[PDB]
Amino acid sequence: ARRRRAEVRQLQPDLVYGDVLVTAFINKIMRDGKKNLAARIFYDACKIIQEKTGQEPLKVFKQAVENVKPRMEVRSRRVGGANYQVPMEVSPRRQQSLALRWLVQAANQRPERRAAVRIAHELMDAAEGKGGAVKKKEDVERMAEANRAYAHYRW
Amino acid sequence: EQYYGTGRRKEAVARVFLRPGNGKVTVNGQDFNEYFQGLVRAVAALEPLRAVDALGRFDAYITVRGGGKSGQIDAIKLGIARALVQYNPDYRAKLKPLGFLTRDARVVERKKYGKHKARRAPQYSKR
Amino acid sequence: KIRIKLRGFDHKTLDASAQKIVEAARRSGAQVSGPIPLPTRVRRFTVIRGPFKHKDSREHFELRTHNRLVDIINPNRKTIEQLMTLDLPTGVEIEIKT
Amino acid sequence: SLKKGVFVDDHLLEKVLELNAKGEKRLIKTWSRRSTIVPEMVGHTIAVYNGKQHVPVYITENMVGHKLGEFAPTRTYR
Amino acid sequence: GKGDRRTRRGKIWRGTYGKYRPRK
Amino acid sequence: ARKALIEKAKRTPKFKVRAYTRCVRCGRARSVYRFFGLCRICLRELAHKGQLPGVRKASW
Amino acid sequence: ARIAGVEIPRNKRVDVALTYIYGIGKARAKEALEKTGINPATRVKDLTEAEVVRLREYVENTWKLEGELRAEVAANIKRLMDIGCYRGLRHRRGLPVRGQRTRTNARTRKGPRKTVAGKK
RNA sequence: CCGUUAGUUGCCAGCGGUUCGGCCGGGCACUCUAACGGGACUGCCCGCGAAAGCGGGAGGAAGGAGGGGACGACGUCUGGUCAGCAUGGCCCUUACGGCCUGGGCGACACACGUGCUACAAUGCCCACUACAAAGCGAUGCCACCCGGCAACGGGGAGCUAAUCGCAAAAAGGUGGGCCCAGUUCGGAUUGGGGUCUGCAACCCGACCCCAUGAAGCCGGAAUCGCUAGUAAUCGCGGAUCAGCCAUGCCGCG
């Protein structure tokens, strides 16, 4: 990215809820370009949110994400000596990136053997605001506060 | 009585034939959902109709040959679209906005010598 | 129904050479079913550019056999006139059949 | 590994069969380590070349079916 | 998988046919 | 050796297993393309001169 | 329940379970289950003494096994020592035997990695 | 992307006969095949600019180098190669030439590079299930029959190959199995029985089937690739070639 700003690569709407945010999340689930298998999972998992709660999946989903977005984080920095964990505001596009990435990672950290379940129970534990994703997210936010002393370096 | 647009996408070509009235869709002497059997995306190929409002009110007979499945899904998506603009020059100004009308040039880029794979380059060790 | 195959490394002197073979058969016979282009058999060579040890970097060489075909429905000698010797093919070949 | 003969060399057999009319010679030295040890023509000792020299190998019943090369190893300290 | 002579996958990878992947 | 050798590779020998190829100009054992009796080098050479017909600069 | 040698497979499917025998693989057990007509899906847990003997009988009989097999292998090799063929001194040395490289690899046949010094 | 030329590969697209296989009359529409052309120019609109141009909008398959190649200045590294070849010098000329048989280049206490196959459930097995995209084949590909669990062996039709064959695409989809285990993960190693090519497979071939089933539960310090049909992942072919140590390379999708 020396020359340009690079356009936020624009995604193909969810062919089932009509949501760009969803595809995004489907892609993060995908391994070796098995997009089919990936969507099976996301949807089978929306299945497991009715079969377990009254409310709409797209709604659990939107919400789980919201809780997992970090607002500040430490970026590393050169100074005369060694380095400084410099807290700074996290841009909206990145917030999204991190949320989804974290949901999928946290999901596959869970104990249940079948993927759609893991995805679901994590989605569920998130909107309630107590998944291991929201954990490794308060860890960031807290750590940006620990370092509040160095917030006079933000570019 | 009859309508045609040709779709292509990456080795795969679509023969589309629209007929008035109905809702059912043959592909290669097979039901749609029989050809694209639980392949999550297929429901996309007919999105050109959904956008015009002819959601149902057309029959479609289809040949489709070339390389592979998910391309064919898009191939059709062009056929359908092209075929129905040739049943209405007025079907431009709504299909073009979502551009179901652009061929989409993106092919397998070609394997280059010295690389492993077109871009993927071999493994440097330095020391 | 005389039907003839024509091979050639040279795509120009076939569509050229074996499509005078359509004048001298509509002008001197009767009905022709025009030149038909058979797909090509492309033999490729991959050669390491240097005499010694330069395994990445080579150069690509092809040898491309083009294939053209001609049908006429006229086994008379009002045709076999030009169509035996009346030449302009120099790196070409002929398959003769019915 | 074949089953249509036991691809054993002429020059050797000729020399064994012709030793098989009262023949008990040690002086027997081959170069065909490629030849199969053949059903029962045992008792003898054959000097097999390893590339550098021939080797006094005594031949027993338990060791038929094997090639001669198997008993004359070609490289040093192994 | 690909390493196992006695799987379908094994056979494919290896080029071969046999008991574990026949020729129809 | 490469003479008593360029020569020996011409005799039809006892057992056909021993039958090898050899670049017919650049008198040479390895990478001998069979359609040309030509060593990959003494080959890229003639190709460049056009002394092998139809043979060309490939590009796609 | 103790089929072969001194063998108690358990609680898993019999095709899998038969496996736990030395000299029985996925193939020889696919076989036994047909030549004695036992549904191979059945859990060992649940199957007739009838069946368990039909099995005992077929297996303990049809082929050499689990220990006195083991003994034949031990003694096939000590005989490969004979007067002493190649593959012999090779077993003697503990190095590969199906003619593979030794420069790199051969780790399975050699005790982990006995590292040394050298160079400049 | 579109057009013209062209009908043993395209089809009820349209109609008729179909033993219901485009197979048969029949047609090239379409798909394709391959030749030739057209098309994109900052040409058009708005805004900024002195200009070049920049940002945006139109229409268009494509828009500002649309995407990938071929193509490597003057020179640099006394770079590489005398073992491809050519060459000055120098040196051996019953031997530093030549011929053969056998061994070696395949050694193995160690150490590094590049890879392959894994460590599993987004997984593994077995079944059923055309989505085809380059190339090769008449001392060849080998359909199809029969023998064999199979490698393969009989037979044996077709193709000088858009006609016949390699050819199964694999990942996928459907069904069923395994249930978290060093396992139905993984297939190293070793025992055994065979197949093939070849004068010949000990050192030193690949392949099939039975047994044997190793380390490996995702890797320290380090460190490599890639910016889109790319990376990742799945197969397919070819060159050399009797066979093959190809997991390599060059290519296809």
# chains A, B, ... in the order shown; residues from 1 in each chain; ligands from 1
>>> select_by_dssp(residues="segment 38-86 of chain A", states="strand (DSSP E or B)", output="list in words")
residues 72, 73, 74, 75, 78, 83 and 86 of chain A
>>> write_last_selection(atoms="C-alpha atoms", output="compact mmCIF listing (two decimals), in the first residue's frame")
# COMPACT_ATOMS: atom_id res chain seq x y z
CA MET A 72 -9.22 0.69 21.62
CA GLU A 73 -6.11 -1.48 21.20
CA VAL A 74 -2.35 -1.16 21.53
CA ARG A 75 -0.27 -0.46 18.44
CA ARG A 78 9.59 3.17 17.90
CA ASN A 83 9.12 0.06 22.30
CA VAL A 86 0.48 2.87 22.35
>>> residues_around(residues="residue 27 of chain C", least_positions_apart="2", cutoff="12 Å", atoms="only C-alpha atoms (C1' of nucleotides)", output="PyMOL selection string")
chain C and resi 20-25+29-32+74+78-83
>>> select_by_dssp(residues="segment 14-74 of chain C", states="alpha helix (DSSP H)", output="PyMOL selection string")
chain C and resi 14-15+23-26
>>> closest_atom_pairs(of="chain H", to="chain B", cutoff="12 Å", atoms="only C-alpha atoms (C1' of nucleotides)", output="Markdown table")
| residue | atom | partner | partner_atom | distance |
| --- | --- | --- | --- | --- |
| H:1 | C1' | B:103 | CA | 7.8 |
| H:10 | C1' | B:63 | CA | 11.5 |
| H:11 | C1' | B:63 | CA | 10.6 |
| H:13 | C1' | B:17 | CA | 8.5 |
| H:14 | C1' | B:2 | CA | 10.6 |
| H:29 | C1' | B:4 | CA | 11.2 |
| H:30 | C1' | B:15 | CA | 7.7 |
| H:31 | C1' | B:15 | CA | 7.6 |
| H:32 | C1' | B:13 | CA | 10.1 |
| H:59 | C1' | B:96 | CA | 10.7 |
| H:60 | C1' | B:102 | CA | 9.6 |
| H:61 | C1' | B:103 | CA | 5.4 |
| H:62 | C1' | B:102 | CA | 8.4 |
| H:66 | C1' | B:105 | CA | 8.4 |
| H:67 | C1' | B:106 | CA | 7.3 |
| H:68 | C1' | B:109 | CA | 6.3 |
| H:69 | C1' | B:110 | CA | 8.9 |
| H:112 | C1' | B:127 | CA | 9.4 |
| H:113 | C1' | B:125 | CA | 6.9 |
| H:114 | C1' | B:123 | CA | 7.3 |
| H:115 | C1' | B:123 | CA | 10.0 |
| H:129 | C1' | B:37 | CA | 10.8 |
| H:130 | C1' | B:65 | CA | 9.7 |
| H:131 | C1' | B:68 | CA | 4.3 |
| H:132 | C1' | B:67 | CA | 4.4 |
| H:133 | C1' | B:67 | CA | 5.0 |
| H:134 | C1' | B:67 | CA | 11.0 |
| H:169 | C1' | B:67 | CA | 10.3 |
| H:171 | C1' | B:68 | CA | 11.7 |
| H:172 | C1' | B:39 | CA | 8.5 |
| H:173 | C1' | B:37 | CA | 6.3 |
| H:174 | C1' | B:37 | CA | 8.7 |
| H:222 | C1' | B:127 | CA | 11.5 |
| H:223 | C1' | B:125 | CA | 8.1 |
| H:224 | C1' | B:123 | CA | 5.4 |
| H:225 | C1' | B:120 | CA | 5.8 |
| H:226 | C1' | B:120 | CA | 5.9 |
| H:227 | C1' | B:119 | CA | 10.8 |
| H:228 | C1' | B:106 | CA | 9.0 |
| H:229 | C1' | B:106 | CA | 5.5 |
| H:230 | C1' | B:119 | CA | 7.2 |
| H:231 | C1' | B:120 | CA | 7.7 |
| H:232 | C1' | B:120 | CA | 10.6 |
| H:236 | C1' | B:67 | CA | 11.7 |
| H:248 | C1' | B:116 | CA | 11.3 |
| H:249 | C1' | B:113 | CA | 8.9 |
| H:250 | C1' | B:113 | CA | 7.0 |
| H:251 | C1' | B:111 | CA | 6.9 |
| H:252 | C1' | B:111 | CA | 9.2 |
| H:253 | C1' | B:67 | CA | 7.3 |
>>> residues_around(residues="residue 155 of chain H", least_positions_apart="6", cutoff="12 Å", atoms="only C-alpha atoms (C1' of nucleotides)", output="ChimeraX atom specification")
/H:144-147
>>> residues_around(residues="residue 14 of chain E", least_positions_apart="4", cutoff="12 Å", atoms="only C-alpha atoms (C1' of nucleotides)", output="PDB file with N, CA and C atoms (P, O5', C5', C4', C3', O3' and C1' of nucleotides), in the first residue's frame")
ATOM      1  N   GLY E   1      -4.186 -40.379   4.695  1.00  0.00           N
ATOM      2  CA  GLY E   1      -4.894 -40.391   3.383  1.00  0.00           C
ATOM      3  C   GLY E   1      -3.919 -40.716   2.272  1.00  0.00           C
ATOM      4  N   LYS E   2      -3.501 -39.689   1.529  1.00  0.00           N
ATOM      5  CA  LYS E   2      -2.771 -39.914   0.278  1.00  0.00           C
ATOM      6  C   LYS E   2      -1.593 -40.895   0.441  1.00  0.00           C
ATOM      7  N   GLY E   3      -1.192 -41.163   1.674  1.00  0.00           N
ATOM      8  CA  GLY E   3       0.000 -41.946   1.877  1.00  0.00           C
ATOM      9  C   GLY E   3      -0.276 -43.424   1.921  1.00  0.00           C
ATOM     10  N   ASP E   4      -1.566 -43.770   2.038  1.00  0.00           N
ATOM     11  CA  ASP E   4      -1.999 -45.153   2.340  1.00  0.00           C
ATOM     12  C   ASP E   4      -2.377 -45.930   1.091  1.00  0.00           C
ATOM     13  N   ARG E   5      -1.502 -46.860   0.700  1.00  0.00           N
ATOM     14  CA  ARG E   5      -1.710 -47.647  -0.526  1.00  0.00           C
ATOM     15  C   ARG E   5      -3.129 -48.231  -0.568  1.00  0.00           C
ATOM     16  N   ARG E   6      -3.633 -48.641   0.603  1.00  0.00           N
ATOM     17  CA  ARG E   6      -4.883 -49.387   0.728  1.00  0.00           C
ATOM     18  C   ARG E   6      -6.132 -48.532   0.999  1.00  0.00           C
ATOM     19  N   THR E   7      -6.096 -47.306   0.505  1.00  0.00           N
ATOM     20  CA  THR E   7      -7.270 -46.448   0.468  1.00  0.00           C
ATOM     21  C   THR E   7      -7.617 -46.126  -1.005  1.00  0.00           C
ATOM     22  N   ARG E   8      -8.824 -45.617  -1.257  1.00  0.00           N
ATOM     23  CA  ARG E   8      -9.148 -45.063  -2.567  1.00  0.00           C
ATOM     24  C   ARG E   8      -8.120 -43.968  -2.820  1.00  0.00           C
ATOM     25  N   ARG E   9      -8.082 -43.021  -1.876  1.00  0.00           N
ATOM     26  CA  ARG E   9      -7.272 -41.818  -1.971  1.00  0.00           C
ATOM     27  C   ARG E   9      -5.841 -42.149  -2.209  1.00  0.00           C
ATOM     28  N   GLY E  10      -5.386 -43.179  -1.506  1.00  0.00           N
ATOM     29  CA  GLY E  10      -4.040 -43.687  -1.664  1.00  0.00           C
ATOM     30  C   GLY E  10      -3.798 -44.033  -3.109  1.00  0.00           C
ATOM     31  N   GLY E  18      -6.493 -51.166  -8.184  1.00  0.00           N
ATOM     32  CA  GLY E  18      -6.407 -52.463  -7.518  1.00  0.00           C
ATOM     33  C   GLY E  18      -7.649 -52.765  -6.718  1.00  0.00           C
ATOM     34  N   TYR E  20      -8.430 -51.743  -3.857  1.00  0.00           N
ATOM     35  CA  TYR E  20      -8.966 -50.622  -3.075  1.00  0.00           C
ATOM     36  C   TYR E  20      -9.491 -49.469  -3.918  1.00  0.00           C
ATOM     37  N   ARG E  21      -9.275 -49.595  -5.222  1.00  0.00           N
ATOM     38  CA  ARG E  21      -9.931 -48.755  -6.215  1.00  0.00           C
ATOM     39  C   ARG E  21      -9.847 -49.507  -7.540  1.00  0.00           C
TER      40      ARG E  21
ATOM     41  P     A H 206      11.396 -48.478  -6.149  1.00  0.00           P
ATOM     42  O5'   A H 206       9.861 -48.118  -6.361  1.00  0.00           O
ATOM     43  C5'   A H 206       9.507 -47.117  -7.324  1.00  0.00           C
ATOM     44  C4'   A H 206       8.649 -47.700  -8.422  1.00  0.00           C
ATOM     45  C3'   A H 206       7.333 -48.334  -7.991  1.00  0.00           C
ATOM     46  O3'   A H 206       6.343 -47.382  -7.640  1.00  0.00           O
ATOM     47  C1'   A H 206       8.338 -49.684  -9.630  1.00  0.00           C
ATOM     48  P     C H 207       5.302 -47.752  -6.489  1.00  0.00           P
ATOM     49  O5'   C H 207       4.418 -48.874  -7.176  1.00  0.00           O
ATOM     50  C5'   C H 207       3.370 -48.546  -8.095  1.00  0.00           C
ATOM     51  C4'   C H 207       2.810 -49.847  -8.569  1.00  0.00           C
ATOM     52  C3'   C H 207       2.040 -50.622  -7.522  1.00  0.00           C
ATOM     53  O3'   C H 207       0.778 -50.052  -7.213  1.00  0.00           O
ATOM     54  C1'   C H 207       3.437 -52.091  -8.688  1.00  0.00           C
ATOM     55  P     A H 246      11.835 -39.702  -7.666  1.00  0.00           P
ATOM     56  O5'   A H 246      10.278 -39.932  -7.869  1.00  0.00           O
ATOM     57  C5'   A H 246       9.351 -39.268  -7.016  1.00  0.00           C
ATOM     58  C4'   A H 246       8.440 -38.427  -7.861  1.00  0.00           C
ATOM     59  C3'   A H 246       7.439 -39.204  -8.707  1.00  0.00           C
ATOM     60  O3'   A H 246       6.226 -38.498  -8.562  1.00  0.00           O
ATOM     61  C1'   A H 246       8.680 -37.727 -10.077  1.00  0.00           C
ATOM     62  P     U H 247       5.264 -38.898  -7.372  1.00  0.00           P
ATOM     63  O5'   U H 247       5.426 -37.696  -6.342  1.00  0.00           O
ATOM     64  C5'   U H 247       4.390 -36.698  -6.160  1.00  0.00           C
ATOM     65  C4'   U H 247       4.903 -35.619  -5.235  1.00  0.00           C
ATOM     66  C3'   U H 247       6.190 -34.937  -5.684  1.00  0.00           C
ATOM     67  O3'   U H 247       6.281 -33.729  -4.967  1.00  0.00           O
ATOM     68  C1'   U H 247       6.618 -36.150  -3.716  1.00  0.00           C
TER      69        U H 247
END
>>> closest_atom_pairs(of="chain H", to="chain F", cutoff="7 Å", atoms="only C-alpha atoms (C1' of nucleotides)", output="tab-separated table")
residue	atom	partner	partner_atom	distance
H:69	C1'	F:60	CA	5.1
H:70	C1'	F:59	CA	5.8
H:84	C1'	F:26	CA	5.8
H:85	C1'	F:26	CA	5.3
H:199	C1'	F:15	CA	6.0
H:240	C1'	F:31	CA	6.3
H:242	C1'	F:17	CA	6.7
>>> write_last_selection(atoms="N, CA, C and O atoms (P, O5', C5', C4', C3', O3' and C1' of nucleotides)", output="PDB file, in the first residue's frame")
ATOM      1  P     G H  69       2.410 -12.089 -16.241  1.00  0.00           P
ATOM      2  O5'   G H  69       2.860 -13.175 -17.311  1.00  0.00           O
ATOM      3  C5'   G H  69       3.845 -12.865 -18.297  1.00  0.00           C
ATOM      4  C4'   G H  69       3.679 -13.784 -19.474  1.00  0.00           C
ATOM      5  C3'   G H  69       4.741 -13.607 -20.539  1.00  0.00           C
ATOM      6  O3'   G H  69       5.820 -14.467 -20.224  1.00  0.00           O
ATOM      7  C1'   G H  69       2.617 -13.443 -21.536  1.00  0.00           C
ATOM      8  P     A H  70       7.296 -13.871 -20.212  1.00  0.00           P
ATOM      9  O5'   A H  70       7.689 -13.833 -21.757  1.00  0.00           O
ATOM     10  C5'   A H  70       7.509 -14.954 -22.658  1.00  0.00           C
ATOM     11  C4'   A H  70       7.676 -14.452 -24.072  1.00  0.00           C
ATOM     12  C3'   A H  70       8.841 -13.483 -24.242  1.00  0.00           C
ATOM     13  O3'   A H  70      10.021 -14.221 -24.551  1.00  0.00           O
ATOM     14  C1'   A H  70       6.867 -12.538 -25.159  1.00  0.00           C
ATOM     15  P     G H  84      29.429 -28.578 -20.189  1.00  0.00           P
ATOM     16  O5'   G H  84      29.586 -29.602 -21.404  1.00  0.00           O
ATOM     17  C5'   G H  84      28.672 -30.715 -21.620  1.00  0.00           C
ATOM     18  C4'   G H  84      28.100 -30.750 -23.030  1.00  0.00           C
ATOM     19  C3'   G H  84      29.021 -30.394 -24.187  1.00  0.00           C
ATOM     20  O3'   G H  84      29.900 -31.455 -24.578  1.00  0.00           O
ATOM     21  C1'   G H  84      26.904 -29.380 -24.497  1.00  0.00           C
ATOM     22  P     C H  85      31.350 -31.115 -25.238  1.00  0.00           P
ATOM     23  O5'   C H  85      30.982 -30.155 -26.458  1.00  0.00           O
ATOM     24  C5'   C H  85      30.068 -30.552 -27.495  1.00  0.00           C
ATOM     25  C4'   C H  85      29.831 -29.412 -28.455  1.00  0.00           C
ATOM     26  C3'   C H  85      31.079 -28.652 -28.865  1.00  0.00           C
ATOM     27  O3'   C H  85      31.772 -29.383 -29.854  1.00  0.00           O
ATOM     28  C1'   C H  85      29.459 -27.101 -28.184  1.00  0.00           C
ATOM     29  P     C H 199      15.960 -57.010 -23.199  1.00  0.00           P
ATOM     30  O5'   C H 199      16.938 -58.082 -22.541  1.00  0.00           O
ATOM     31  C5'   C H 199      16.417 -59.351 -22.132  1.00  0.00           C
ATOM     32  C4'   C H 199      17.549 -60.282 -21.809  1.00  0.00           C
ATOM     33  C3'   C H 199      17.713 -60.629 -20.336  1.00  0.00           C
ATOM     34  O3'   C H 199      16.727 -61.509 -19.802  1.00  0.00           O
ATOM     35  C1'   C H 199      19.826 -60.192 -21.307  1.00  0.00           C
ATOM     36  P     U H 240      10.415 -36.757 -25.066  1.00  0.00           P
ATOM     37  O5'   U H 240      11.597 -37.661 -24.485  1.00  0.00           O
ATOM     38  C5'   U H 240      12.922 -37.136 -24.382  1.00  0.00           C
ATOM     39  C4'   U H 240      13.433 -37.275 -22.973  1.00  0.00           C
ATOM     40  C3'   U H 240      13.617 -38.710 -22.525  1.00  0.00           C
ATOM     41  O3'   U H 240      14.911 -39.201 -22.833  1.00  0.00           O
ATOM     42  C1'   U H 240      12.756 -37.324 -20.768  1.00  0.00           C
ATOM     43  P     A H 242      13.151 -46.108 -23.296  1.00  0.00           P
ATOM     44  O5'   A H 242      11.717 -46.753 -23.011  1.00  0.00           O
ATOM     45  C5'   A H 242      11.219 -47.878 -23.761  1.00  0.00           C
ATOM     46  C4'   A H 242      10.975 -49.061 -22.852  1.00  0.00           C
ATOM     47  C3'   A H 242      10.346 -48.739 -21.500  1.00  0.00           C
ATOM     48  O3'   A H 242       8.923 -48.721 -21.586  1.00  0.00           O
ATOM     49  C1'   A H 242      12.107 -50.360 -21.296  1.00  0.00           C
TER      50        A H 242
END
>>> closest_atom_pairs(of="chain H", to="chain D", cutoff="10 Å", atoms="only C-alpha atoms (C1' of nucleotides)", output="CSV")
residue,atom,partner,partner_atom,distance
H:101,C1',D:31,CA,7.3
H:102,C1',D:51,CA,4.9
H:103,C1',D:51,CA,3.7
H:104,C1',D:51,CA,9.0
H:107,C1',D:75,CA,7.0
H:108,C1',D:78,CA,8.4
H:194,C1',D:1,CA,8.4
H:195,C1',D:2,CA,8.4
H:196,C1',D:2,CA,8.7
H:199,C1',D:7,CA,9.2
H:200,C1',D:34,CA,6.6
H:201,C1',D:1,CA,7.3
H:202,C1',D:69,CA,4.2
H:203,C1',D:74,CA,6.2
>>> atom_distance(atom1="atom CA of residue 98 of chain C", atom2="atom CA of residue 76 of chain C")
12.6 Å
>>> decode(residues="chain E", atoms="C-alpha atoms", output="JSON list (two decimals), in the first residue's frame")
[["chain", "number", "residue", "atom", "x", "y", "z"],
["E", 1, "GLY", "CA", -4.89, -40.39, 3.38],
["E", 2, "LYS", "CA", -2.77, -39.91, 0.28],
["E", 3, "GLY", "CA", 0.00, -41.95, 1.88],
["E", 4, "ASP", "CA", -2.00, -45.15, 2.34],
["E", 5, "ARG", "CA", -1.71, -47.65, -0.53],
["E", 6, "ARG", "CA", -4.88, -49.39, 0.73],
["E", 7, "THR", "CA", -7.27, -46.45, 0.47],
["E", 8, "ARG", "CA", -9.15, -45.06, -2.57],
["E", 9, "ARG", "CA", -7.27, -41.82, -1.97],
["E", 10, "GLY", "CA", -4.04, -43.69, -1.66],
["E", 11, "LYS", "CA", -4.60, -45.31, -5.05],
["E", 12, "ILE", "CA", -5.60, -42.14, -6.86],
["E", 13, "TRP", "CA", -2.57, -40.24, -5.62],
["E", 14, "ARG", "CA", -0.32, -43.16, -6.50],
["E", 15, "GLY", "CA", -1.70, -43.36, -10.06],
["E", 16, "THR", "CA", -2.51, -47.11, -9.59],
["E", 17, "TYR", "CA", -5.65, -49.27, -9.47],
["E", 18, "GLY", "CA", -6.41, -52.46, -7.52],
["E", 19, "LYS", "CA", -8.58, -53.98, -4.84],
["E", 20, "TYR", "CA", -8.97, -50.62, -3.08],
["E", 21, "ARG", "CA", -9.93, -48.75, -6.22],
["E", 22, "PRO", "CA", -11.02, -50.94, -9.12],
["E", 23, "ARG", "CA", -11.52, -49.93, -12.78],
["E", 24, "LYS", "CA", -15.36, -50.43, -12.57]]
